Amino acid sequence: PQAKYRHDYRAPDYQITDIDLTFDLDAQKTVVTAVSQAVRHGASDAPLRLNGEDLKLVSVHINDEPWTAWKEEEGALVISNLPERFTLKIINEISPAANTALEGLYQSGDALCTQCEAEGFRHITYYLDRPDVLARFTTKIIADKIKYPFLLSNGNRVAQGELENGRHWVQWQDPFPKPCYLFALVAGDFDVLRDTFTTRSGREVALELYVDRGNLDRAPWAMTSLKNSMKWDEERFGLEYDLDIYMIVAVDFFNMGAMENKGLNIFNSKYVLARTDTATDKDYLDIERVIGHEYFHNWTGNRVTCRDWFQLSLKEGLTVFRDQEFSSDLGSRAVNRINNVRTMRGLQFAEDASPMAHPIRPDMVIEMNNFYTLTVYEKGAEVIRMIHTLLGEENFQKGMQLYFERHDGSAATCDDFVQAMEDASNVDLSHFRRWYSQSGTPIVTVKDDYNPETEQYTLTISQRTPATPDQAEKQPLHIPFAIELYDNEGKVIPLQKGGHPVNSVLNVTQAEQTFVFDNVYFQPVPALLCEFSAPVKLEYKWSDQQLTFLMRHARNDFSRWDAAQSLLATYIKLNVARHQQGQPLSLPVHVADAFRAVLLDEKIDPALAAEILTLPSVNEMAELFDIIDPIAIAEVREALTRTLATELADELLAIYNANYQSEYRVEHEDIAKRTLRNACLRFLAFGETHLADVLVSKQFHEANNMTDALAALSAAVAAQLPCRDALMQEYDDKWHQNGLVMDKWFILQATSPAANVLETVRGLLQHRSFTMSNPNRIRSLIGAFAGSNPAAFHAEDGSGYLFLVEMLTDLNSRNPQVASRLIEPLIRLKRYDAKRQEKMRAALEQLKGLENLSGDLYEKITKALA
Ligand code: NA
Ligand code: NA
Ligand SMILES: [Zn+2]
């Protein structure tokens, strides 16, 4: 297929202002009637080009006159000789049961539901499928009453009828103009959890949460989380819901996580259903994060939408930012920041070095569903967070207000948003805008000098962005670079220049610059890039002692964690080198002492201690190398864990027992203690083998909740403990009837350190709880194997690569979106050694030759092979 370019955006030749949809629903054959009110803005000789994919066109009318001046082309219906204003009427057929891709109107179990973002509405009827076309929708739905007792669409339900032959109908009307991507429709049978929420200004909102029959007992957390989201948006952003009714439907077959369709969010049931015996703390916090995210989209995405898809980050970065602020307000800000920074450096940096690298605002897109990315979302959010960092909360809030005042009811661009922040705040963001147009990870180098004569500290900070596959020309960014200076007793030294205060966020705007601070009364240990103030790799020659100093004294929790990460990074590299030469782990005692100090600091938040005692993941430490040796990294993570487990066995078991809790609560203090406790258990599982088998076996049989059961089952697999197969068998036997719970188990299989893991994963393709048609099962088994087991995926014999090729050969035909998610590990080939490159390259070449190669794979495969 063929690329679209951001610089080619033009306002459309036509607008639609109102559309009236009728659906005569049936899974085999749905008939859609679509009456649209349209207007020509372009030249009269310019036809109306309607997108449509896999539609059967039954008829076309223009002001009620059967139209003869039209034709069908590659994925469009083109209509000529139109007046300036007219009513378009289209009747077409689609087939939901055939729709395995889950784009458009498909079937999720017995239910019918939709997914329209980015360009799925065109799989439902011929339309102007692009988000700068906003219209008022009215949606009539007709269906078999026994099979589809609930019939849902956006807005308010405004009519209702029965018919002969056991069929009934409902009609919905949504007063707010929207682009078609936000359209949704659900038909099916559900248990419904109903509650209400009263807004800050008194508006009462009905809340309805639709789940499969039987699951009303895993719903209340999601409902609570929705309410918390609604309250928080009021408190922090001053934003209230704008309709009478908030529906959420939880379906099992879903490609995204969840989707912000106006007043009728549709969710992967993974990000709704929770019970203490089925869901972990991390699940609960995820459901919270995702429910909030779709809710915050009501303003940042719906009330103001995107002019074109290249502007995706206008809504995703800002809505991710909003979900992060919500989680951090209600829980631990530091733990939140830490985890978000682990994601940026672990996963996102890799993408920004890959064939798939793009700016948060892409300039070129072949298939748009390939741009729902770590970059657009997470880096997007970091870019928003830099704006916040430059402006401060009061000014950032004024920008939000101006953004809405200007663009409420319309579609906007990244630049529009950046301008609202500029105009409202008076901070100049012209240079800052470069963050939107430039790909890749900047590298910020820092050199320092202390001068005891003058009591001056000098930072020489310089920056470069290396070239990326997608751009050859790079330039300096506007980098907000936050610092704190610590004196010898751990107290902050004030930042001054010429005896006037100086702001602790430094504007690093040039390729190289020098900052000088006065009255530095003692040689400082610096905290640099404080709270990851910009998404950059930092290069500074730390001594280990500076790093341990920060772990004990730094005032910002995040810096303590981050210093520990920098400390470990040196020894991860050292030990990967040692591994390559057949040597055992080397690890100085002072390093171990530093981590002992954290464990027995009784004034440190247990959640912080827990993150500090969580080792970088294999992906996070792969970022430290040019060539990745994934076997070495895995083997090194294992060894480093054993070593600490031996070195700190007594403290670890003490803290493990100290944070035992008889009550289970989903409350931030309790989650912290359970997180620390289970981090301690993870180490002990890599220690004395009998004690391990006992603790891990006992915890598994004696929880209480899924957080503690999985933490133990998971150590049993990681450390290959004697009790493992039995625990894995209990779990299967209990939980097999339940996919969302089985997903955890598949992930564990797929990420097993054991020897024949691939052979196992293959066989699990036949497991009772696995199915190739459910994106969740695919992501847990196959996706976890390829993405999170790089020691087995990258076996020297190329067997992991061919396994993926098999799976992709299937999924390219079945579900291109899921397939594109799965291919990502294979297009990282240039970070591996030559032998691995050749084989990976070979596998991409095999997939490049598939009949009916999907656009989604195509785009990634050609970039990887270029
Ligand atoms: Na319009
Ligand atoms: Na907080
Ligand atoms: Zn979003």
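All chain A residue numbers match Swiss-Prot; in order, they span 5-870.
Header lists the method as X-ray crystallography, 2.8 Å.
In case you wondered, yes, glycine gets a Cβ from its N, Cα and C as well.
When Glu244, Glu320 are compared with the Zn(2+) site residues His297, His301 in Swiss-Prot, the one appearing in that site is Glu320.
For the substrate site, Swiss-Prot lists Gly261, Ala262, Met263, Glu264, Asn265; matching the candidates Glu121, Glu123, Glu409 against that entry yields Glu121.
Close to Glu264 (substrate binding site) in the fold, though at least 6 residues off in sequence, lie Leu186, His297, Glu298, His301, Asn302, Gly305, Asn306, each with a CB less than 8 Å from its CB. In terms of Cα distance, none of the binding-site residues chosen from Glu121, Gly261, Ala262, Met263, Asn265 sits within 10 Å of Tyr381 (site 'Transition state stabilizer'). Largest Cα-Cα distance over the residues recorded as binding substrate, namely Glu121, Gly261, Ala262, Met263, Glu264, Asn265, equals 13 Å. Contacts of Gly261 (substrate binding site) defined by a Cβ separation under 8 A and a same-chain sequence distance of 6+ are given as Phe271, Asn272, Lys274, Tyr275, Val294, in order along the sequence. A strand conformation is recorded for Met263 (substrate binding site) in the three-state DSSP classification. Cβ proximity to the substrate site centre (mean Cβ of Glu121, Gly261, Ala262, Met263, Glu264, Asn265, cutoff 8 Å) flags the following additional same-chain residues: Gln119, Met260, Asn269, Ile270, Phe271, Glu298, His301. Around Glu320 (Zn(2+) binding site), taking its Cβ as the centre, 26 other Cβ atoms fall within 10 Å, counting all chains.
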